[PDB]
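K.L.:
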Amino acid sequence: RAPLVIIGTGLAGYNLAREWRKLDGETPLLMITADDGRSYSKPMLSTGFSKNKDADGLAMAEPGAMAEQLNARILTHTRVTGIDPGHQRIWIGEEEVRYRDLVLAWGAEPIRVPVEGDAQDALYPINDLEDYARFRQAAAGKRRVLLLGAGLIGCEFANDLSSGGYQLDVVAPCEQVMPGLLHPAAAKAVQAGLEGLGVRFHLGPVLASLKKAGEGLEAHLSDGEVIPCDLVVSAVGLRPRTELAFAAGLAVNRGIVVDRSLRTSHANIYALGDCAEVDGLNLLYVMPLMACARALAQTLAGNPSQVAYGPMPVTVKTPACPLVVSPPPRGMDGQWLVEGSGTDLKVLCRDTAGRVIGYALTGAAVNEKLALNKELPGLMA
Amino acid sequence: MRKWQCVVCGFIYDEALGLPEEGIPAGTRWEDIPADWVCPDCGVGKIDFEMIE
Ligand SMILES: Cc1cc2nc3c(=O)[nH]c(=O)nc-3n(C[C@H](O)[C@H](O)[C@H](O)COP(=O)(O)OP(=O)(O)OC[C@H]3O[C@@H](n4cnc5c(N)ncnc54)[C@H](O)[C@@H]3O)c2cc1C
Ligand SMILES: [Fe+3]
Numbered sequence: 006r007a008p009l010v011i012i013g014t015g016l017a018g019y020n021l022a023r024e025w026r027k028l029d030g031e032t033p034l035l036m037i038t039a040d041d042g043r044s045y046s047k048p049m050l051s052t053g054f055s056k057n058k059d060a061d062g063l064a065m066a067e068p069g070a071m072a073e074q075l076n077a078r079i080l081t082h083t084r085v086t087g088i089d090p091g092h093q094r095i096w097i098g099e100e101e102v103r104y105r106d107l108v109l110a111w112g113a114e115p116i117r118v119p120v121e122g123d124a125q126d127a128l129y130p131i132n133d134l135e136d137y138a139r140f141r142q143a144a145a146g147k148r149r150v151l152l153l154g155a156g157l158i159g160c161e162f163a164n165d166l167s168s169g170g171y172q173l174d175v176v177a178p179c180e181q182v183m184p185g186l187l188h189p190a191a192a193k194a195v196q197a198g199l200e201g202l203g204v205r206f207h208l209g210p211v212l213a214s215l216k217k218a219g220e221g222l223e224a225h226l227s228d229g230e231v232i233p234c235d236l237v238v239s240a241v242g243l244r245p246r247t248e249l250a251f252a253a254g255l256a257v258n259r260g261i262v263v264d265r266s267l268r269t270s271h272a273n274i275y276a277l278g279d280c281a282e283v284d285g286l287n288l289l290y291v292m293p294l295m296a297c298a299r300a301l302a303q304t305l306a307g308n309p310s311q312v313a314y315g316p317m318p319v320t321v322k323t324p325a326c327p328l329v330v331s332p333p334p335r336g337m338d339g340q341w342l343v344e345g346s347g348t349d350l351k352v353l354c355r356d357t358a359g360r361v362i363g364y365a366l367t368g369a370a371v372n373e374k375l376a377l378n379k380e381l382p383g384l385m386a
Numbered sequence: 557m558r559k560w561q562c563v564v565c566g567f568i569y570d571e572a573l574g575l576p577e578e579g580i581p582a583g584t585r586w587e588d589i590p591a592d593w594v595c596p597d598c599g600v601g602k603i604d605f606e607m608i609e
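Heads up: the sequence lines are chains A and B, in that order.
Here the first sequence stands for residues 6 to 386, numbered as in the working numbering.
Here the second sequence stands for residues 557 to 609, numbered as in the working numbering.
(1) What in chain A is Cβ-close to B:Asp597, meaning under 7 Å?
(2) Pull up the distance between the alpha-carbon of A:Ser266 and that of A:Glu101, whole angstroms please.
(3) Using beta-carbon positions only, say whether A:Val176 and A:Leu202 come within less than 7 Å of one another.
(4) Quick check on A:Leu208: does DSSP put it in helix, strand or coil?
(5) Taking C-beta pairs closer than 9 Å, name the residues in chain B that residue 437 of chain A reaches, listed in chain order.
(6) What's the call for A:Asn164, buried or exposed, on a 16-neighbour Cβ count within 10 Å?
(7) Say the cut is 6 Å; is the CB of residue 395 of chain A nearer than that to a heavy atom of ligand 1?
(8) Let me know the secondary structure DSSP gives B:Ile589 once reduced to three states.
(9) Can you give me the C-alpha to C-alpha distance between A:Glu248 and A:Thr38, rounded to a whole angstrom?
(10) If you follow the alpha helix (DSSP H) that A:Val195 is part of, which residue opens it and which one closes it?
(11) With a threshold of 6 Å, establish whether the CB of A:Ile12 neighbours any heavy atom of ligand 1.
(12) If the cut is a Cβ gap below 8 Å, which residues of chain B does A:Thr52 touch?
(13) So which residues of chain B does A:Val176 contact, with C-beta pairs closer than 7 Å?
(14) Taking the alpha-carbon positions, what's the A:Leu186 to A:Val319 distance?
(15) Using a Cβ-Cβ cut-off of 6 Å (strictly less than) and excluding sequence neighbours within five positions of A:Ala313, which residues of its own chain qualify?
(16) Can you give, in chain order, each stretch of the beta strand (DSSP E) that sits fully within the segment 229-316 of chain A and has at least 3 residues?
(17) Using the beta-carbon count (16 or more within 10 Å), is B:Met607 buried or exposed?
(18) Output, in chain order, the set of chain B residues within a Cβ distance shorter than 7 Å of A:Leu384.
(19) Under DSSP, the alpha helix (DSSP H) around A:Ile37 begins and ends at which residues?
(20) Exposed or buried, A:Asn287, counting other C-beta atoms within 10 Å across all chains shown (16 or more means buried)?
(21) Just to make sure I have the definition right: I need the residues of chain A whose C-beta is within less than 9 Å of the C-beta of B:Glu577. Which are they?
(22) Would you kindly work out how many angstroms separate the C-alpha atoms of A:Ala127 and A:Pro382, rounded to a whole number?
(23) Quick check on A:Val291 - is its C-beta less than 7 Å from some C-beta in chain B?
(24) On the premise that A:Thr323 lies in contact with A:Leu199, defined as a C-beta separation below 8 Å, what is that separation, rounded to the nearest angstrom?
(25) Can you give, in chain order, each stretch of the beta strand (DSSP E) that sits fully within the segment 128-187 of chain A and has at least 3 residues?
(26) Pull up the CB-CB distance for A:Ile11 and A:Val85, whole angstroms please, since I reckon it's below 8 Å.
(27) Just to make sure I have the definition right: I need the residues of chain B whose C-beta is within less than 7 Å of the C-beta of A:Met65. Which are they?
(28) When DSSP labels each residue in this structure, what does A:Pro48 get in the three-state scheme?
(29) Report whether the distance from the Cβ of residue 5 of chain A to the nearest heavy atom of ligand 2 is below 6 Å.
(30) List, in order along the chain, the chain B residues whose C-beta lies closer than 7 Å to that of A:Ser46?
(31) Taking a contact to mean a Cβ-Cβ separation below 7 Å, would you say A:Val361 touches A:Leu375 in this structure?
(32) Identify whether A:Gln340 lies in helix, strand or coil by the three-state DSSP scheme.
(33) Output the residue ranges of the beta strand (DSSP E) runs that lie fully inside the segment 320-365 of chain A and measure 3 residues or longer, sorted by chain position.
(34) Which residue wins for smallest C-alpha separation from residue 387 of chain A, given the options B:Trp593, B:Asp570, B:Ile589 and B:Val564?
(35) Report, in whole angstroms, the separation of the C-beta atoms of A:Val343 and A:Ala190, which I expect to be a contact under 8 Å.
(36) Should A:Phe54 go down as buried or exposed, given a rule of 16 or more other Cβ atoms within 10 Å for buried?
So, in structure tokens, the structure goes:
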């Protein structure tokens, strides 16, 4: 009688449901999502223009169709507003749902930045398919986009929006693209690639204010530059959605704290994907999420299983400058050395023993992904 | 020979080339690739690939 309840129809929620349904085809399944519930791959949002897709072209299946495939009831445009761990239930306004086990697959939230002026709200995040639809709606017939952020997500969009015909101005107070993730020299090559497409960078300033001016907007940066634009993309970064878990008394840190079995601090509640911090590791990518779905499915079907991340390199979708990066796992030190020249750069991180523990590859140098991957240590020891 | 693309990240498996370091020889058909095999770039199963050309 008691359902498995999954909050989320992203890649985490849908892949868990699918992996689990190979194991248990009888237990009722309820899926709940705040969006339209359509199946789609979020990674593809940053390639839509180069593939000449609109939002609907990126949808792979309607939620009703998924409901048949998974033998599930799927509630769409339904916001869970609380978790009641002491009574094994969740809240949706003033209605409740009992669960057998609850799975939190509710993702991460865009990082807001303070902006002034009478247009300070005209900032478009792109963190799901509906966001993408709302951005495309606003961008029709426009020429210029201001983009806030210079991480992986910001760089991918800047690349695709440029291929899509838009003239981009990227603003970010960090000193390099993809800070934290990327060695300076390889970041420089990626930035150069994007500039080659016409992207203009402003690294160091923030957006001070946004005002309505004539045909569109004027963006006043903190250094006094005024940049005419039609709309603004907010892609500063992401942080795991923790508010509802913490209020419910679940342990949180960077994300929702789970062990290698994906269990939270409370019986019958698990978490996976962008929202989950797995044994200290909150990794906002598909590869660890897939490992988690496979293991958690087993546990939910009564076969206690753990994840164990091997090497999980990051493939950055910037066609203007191809990039694959694998930062060294946490607790490991080494020296960085830049081999190659120009756009074809190979930056290796070696321990004292001479072993490659991390890398960044740009241009032609991405071909040697596979040979380097064999030497790599896992993200979990 | 056919090309198969990952619907999740866009990884292209080319039947003509194979993935010799996986290690899958050149000329290996999609059906003759082990069932447990995953996308090297995002980790989804064979179910998330579609034949493009
Ligand atoms: C532009 C872009 C490109 C990317 N490219 C890559 C890539 O190439 N390779 C890679 O490995 N990773 C990539 N990533 C990261 C990857 O897409 C994410 O790690 C992954 O999609 C996260 O899936 P998720 O299901 O955990 O979260 P989400 O997809 O965000 O799903 C969260 C779900 O929870 C629901 N939800 C949230 N709150 C509530 C609520 N309170 N009540 C009910 N439902 C709720 C939402 O509606 C949604 O359905 C990219 C990310 C972006 C944005
Ligand atoms: Fe893939």
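Each residue gets a CB set at the ideal place from its N, CA and C atoms; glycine is no exception.
P.N.:
This is what the structure holds:
(1) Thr320
(2) 27 Å
(3) no
(4) strand
(5) With chain A represented from 6 up to 386, any question about residue 437 of chain A goes unanswered, as that position is not in the structure.
(6) buried
(7) With chain A covering only 6 through 386, there is no way to say anything about residue 395 of chain A.
(8) coil
(9) 17 Å
(10) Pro189 to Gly201
(11) yes
(12) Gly566
(13) The contacting residues do not exist; A:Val176 stays about 28 Å from chain B at best.
(14) 10 Å
(15) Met385
(16) 231-234, 236-239, 243-245, 261-263, 274-276 and 281-283
(17) exposed
(18) Those do not exist, as A:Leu384 stays about 13 Å from chain B at its closest Cβ, beyond 7 Å.
(19) Per DSSP, A:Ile37 belongs to no alpha helix (DSSP H); it is in the beta strand (DSSP E), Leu34 to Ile37.
(20) buried
(21) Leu375, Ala376, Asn378 and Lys379
(22) 44 Å
(23) yes
(24) 7 Å
(25) 128-130, 149-153 and 172-177
(26) Actually they are not in contact, since the Cβ atoms of A:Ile11 and A:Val85 sit about 11 Å apart, beyond 8 Å.
(27) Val563
(28) helix
(29) Residue coverage of chain A in this structure runs from 6 to 386, which leaves residue 5 of chain A outside it and unanswerable.
(30) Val563 and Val564
(31) no
(32) strand
(33) 328-331, 340-346 and 349-355
(34) The structure shown does not extend to residue 387 of chain A, since chain A spans only 6 to 386, so no value can be given for it.
(35) 5 Å
(36) buried
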